[PDB]
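*Asks:* take these chains first, placed just as they are in the complex:
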Amino acid sequence: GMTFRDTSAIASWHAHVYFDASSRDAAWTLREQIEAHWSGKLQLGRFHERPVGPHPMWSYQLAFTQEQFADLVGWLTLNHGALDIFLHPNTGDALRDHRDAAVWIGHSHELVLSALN
């Protein structure tokens, strides 16, 4: 049986906007709106135009606190268009968080979990 955890186990969240060559322009446009809308509320990573790390799509990262989660995730849910977004909590166990605690705005993708740990 699984042991239940409290939300205090979550130190922070990462979201990754996924895209590819076909959706690059749309991804860029959303990234500019995130900059415009969320300056100081999250850390925005580089625009990766290849698969990096465990990500099977081109991507960029947003890193944010539990206190920003509802506002930012709600806004992304409303405004993501056709871009899939991968989200996961950071609990101190990268493989477990990616393998077992993946959240998707839009469609899910099979991660490159073998890249972890």
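*Replies:* Sure, I can see it. Residues are numbered from 1 along each chain as shown, chains lettered A, B, ... in the order given.
*Asks:* counting neighbours, what do you get for residue A:33?
*Replies:* Using other Cβ atoms under 10 Å, residue A:33 has 11 other residues around it. Just so you know, the C-beta spots here come from the backbone N, C-alpha and C atoms, and that holds for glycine as well.
*Asks:* on the three-state scheme, it is what?
*Replies:* When states are read from DSSP: H, G, I helix; E, B strand; the rest coil, the local structure at residue A:33 comes out as helix.
*Asks:* any idea how many residues pack against the residue nearest to it when sequence neighbours are not counted?
*Replies:* Closest residue to residue A:33 apart from its sequence neighbours, by Cβ to Cβ, 6 or more residues apart in numbering: residue A:79 at 7.3 Å. One way to gauge burial is a neighbour count; for residue A:79, by other Cβ under 10 Å, it gives 13.
*Asks:* residue A:79 and residue A:16, how far apart?
*Replies:* According to Cβ to Cβ, to the nearest Å, residue A:79 and residue A:16 sit 16 Å apart.
*Asks:* likewise residue A:67?
*Replies:* Between residue A:67 and residue A:16 the distance is 20 Å, computed by Cβ to Cβ.
*Asks:* please apply the same query to residue A:105.
*Replies:* Applying Cβ to Cβ, the value for residue A:105 to residue A:16 is 10 Å.
*Asks:* wait, what's in contact with the residue nearest the centre of chain A?
*Replies:* In chain A, the C-alpha nearest the mean C-alpha coordinate belongs to residue A:15, at 1.6 Å (Cα atoms, centre = their mean). When the contact criterion is Cβ atoms under 8 Å, 6 or more residues apart in numbering, the partners of residue A:15 are A:61, A:62, A:64, A:72, A:73, A:76, A:85, A:86, A:87.
*Asks:* add chain B to the structure above, sequence below:
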Amino acid sequence: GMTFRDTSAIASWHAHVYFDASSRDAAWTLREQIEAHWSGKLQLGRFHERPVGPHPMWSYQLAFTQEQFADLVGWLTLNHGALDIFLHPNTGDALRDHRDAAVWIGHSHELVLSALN
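*Replies:* Let me add chain B to what's already shown:
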């Protein structure tokens, strides 16, 4: 030419825990823990052991506010085990909300879109 929306557009959130014959006990355990952890203050629908509405799997519904979103969604992310969970905001447009504002804890599923008419 998307019009960006504010989270004020969201009246409420709805989650649907998906399960099947293979995963009934886990789905039930989760439901009971939801009931206990929020002391019956969330809105819980019927435990459906058949596909209902737009849901291709057996399911049960949870409804909650934007102000409950971070805690509940965090908790579900940590505690869902292998159960996929469909979430969507309610903006008054059931088609658009289900089609375009779907969020999935775990893996995404194709909805039975016919049921949205």
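*Asks:* try the nearest residue to residue A:33 again now we have chain B.
*Replies:* With Cβ to Cβ, 6 or more residues apart in numbering or on different chains as the measure, residue B:4 is the residue that lies nearest to residue A:33, at 6.5 Å, once sequence neighbours are left out.
*Asks:* chain A against chain B: which residues are in contact?
*Replies:* By Cβ under 8 Å from any Cβ of the partner chain, the part of chain A that sits against chain B consists of A:1-2, A:4-7, A:9-10, A:33, A:37, A:66-67, A:69-71, A:73-75, A:77-79, A:81, A:88-89, A:91, A:101-108.
*Asks:* buried among those? Make that a PyMOL selection.
*Replies:* Restricted to the buried members of the residues of chain A next to chain B, where burial is judged by 16 or more other Cβ atoms under 10 Å in any protein chain shown, the PyMOL selection command reads as follows:
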select buried, chain A and resi 7+9+10+66+69+70+71+73+74+75+77+78+79+88+89+91+101+102+103+104+105+106+108
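*Asks:* that older thread, in the sheet, who's paired with the residue nearest to the centre of chain A?
*Replies:* Legend: beta-bridge partners of residue A:15 under DSSP bridges are residue A:62, residue A:87.
*Asks:* for chain B, see how far away it is.
*Replies:* In this structure, residue A:15 and chain B are separated by 11 Å, where distance is defined by Cβ to the nearest Cβ, to the nearest Å.
*Asks:* name the SS class of residue A:13, please.
*Replies:* Quick answer, by three-state DSSP: residue A:13 is strand.
*Asks:* and the closest residue in space to residue A:34 that isn't next to it in sequence, how far is that from chain B?
*Replies:* What sits nearest to residue A:34 in space, not counting adjacent residues and going by Cβ to Cβ, 6+ apart, is residue A:44, at 6.3 Å. Computed with Cβ to the nearest Cβ, the distance linking residue A:44 and chain B is 17 Å.
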